[PDB]
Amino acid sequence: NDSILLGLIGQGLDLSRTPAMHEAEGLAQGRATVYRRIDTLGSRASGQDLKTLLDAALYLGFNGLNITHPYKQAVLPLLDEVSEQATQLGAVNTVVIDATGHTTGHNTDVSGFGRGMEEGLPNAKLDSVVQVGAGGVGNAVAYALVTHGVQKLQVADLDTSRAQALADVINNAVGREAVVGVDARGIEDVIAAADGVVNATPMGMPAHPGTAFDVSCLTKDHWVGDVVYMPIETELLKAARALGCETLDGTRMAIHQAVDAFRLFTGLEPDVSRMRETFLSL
């Protein structure tokens, strides 16, 4: 029943649901678990370099870390080993620390989004998909999409260069032209012709109300996904559901990234329903 020590290195972490998910699941499996925010905007860790914080976790007996913005790319060269997916994406969100201090990076944003597709869109047609948004989250989402059956992914971002950089990284990772950058302007016509669309922008959040594109381009035959998890039913997903579309809400990725990280950190098989219930309770 050895206790488990985890943390999350990033900025602006107060509202994260990840600590609670891991603390509750460890306890449910008979292992007292501490999961600390390590917030470089906060009083404890501000001003410290990522390496200092990583090294600190090694010295003081952490079993694992998650890594979030702005450190998911910066962390790679600091680690002893990086999984093939995280290496090719160039982004790590999960660091397993061995008993004796060795670090291995993984990306459970990718695996978590993919699991969400399996769990919540098992029958979705995947030939042609549009993703709007090529930021940090979007990079993992795109990789997940094209490794879980999407034949052609068109990625749009207001910053065309972000979309093109994403496409290059993912296509190299998978070894085919799976992703094409397309203009954000006129994206509705591209979506109208596709099988599905995923929002990977902040649109739909309380501080970013609305949608990333005009929802009148949707049809009843589309499926629609959203990375936003608060609210769970974004304006986009409401519009999709009104037409009878299958929808994939952002909680699936948010929960499954933690399920998969917990498994990697501990070697235990997480109970998905318990972790989901923790997430929804917050």
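In case it trips you up, residue 1 is the first one in the sequence shown, and so on.
Chemist: Going by the B-factors listed in the PDB entry, is the mean over the C-alpha atoms higher for 74-82 or for 180-188?
Modeler: Higher mean C-alpha B-factor: 180-188.
Chemist: Should the higher mean CA B-factor in the entry be assigned to 43-51 or to 249-257?
Modeler: Stretch with the greater average CA B-factor: 43-51.
Chemist: Which listed residue, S111, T94, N172, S161, has the largest C-alpha temperature factor in the record?
Modeler: In this record, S161 carries the highest C-alpha B-factor of the candidates.
Chemist: Using the entry's values, work out which of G225, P231, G64, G61 has the largest Cα B factor.
Modeler: Of the options given, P231 has the highest CA B-factor in the PDB entry.
Chemist: If you rank every modelled residue in this chain by C-alpha B factor, which third holds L282: lowest, middle or highest?
Modeler: Top third by C-alpha B-factor.
Chemist: Considering every modelled residue of the chain and its Cα B-factor in the PDB entry, is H106 in the lowest, middle or highest third?
Modeler: Tercile = lowest for this residue's CA B-factor.
Chemist: Grab the CA temperature factor for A28 from the record and place it in the lowest, middle or highest third of its chain.
Modeler: Ranked within chain, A28 CA B lands in the highest tercile.
Chemist: Considering only modelled residues of the same chain, in which third does the CA B-factor of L15 rank: lowest, middle or highest?
Modeler: As the PDB entry reports it, the C-alpha B-factor of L15 lands in the highest third of its chain.
Chemist: Within this chain, which third does the Cα B-factor at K220 fall in: lowest, middle or highest?
Modeler: Highest third - that is where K220 ends up once the chain's C-alpha B-factors are sorted.
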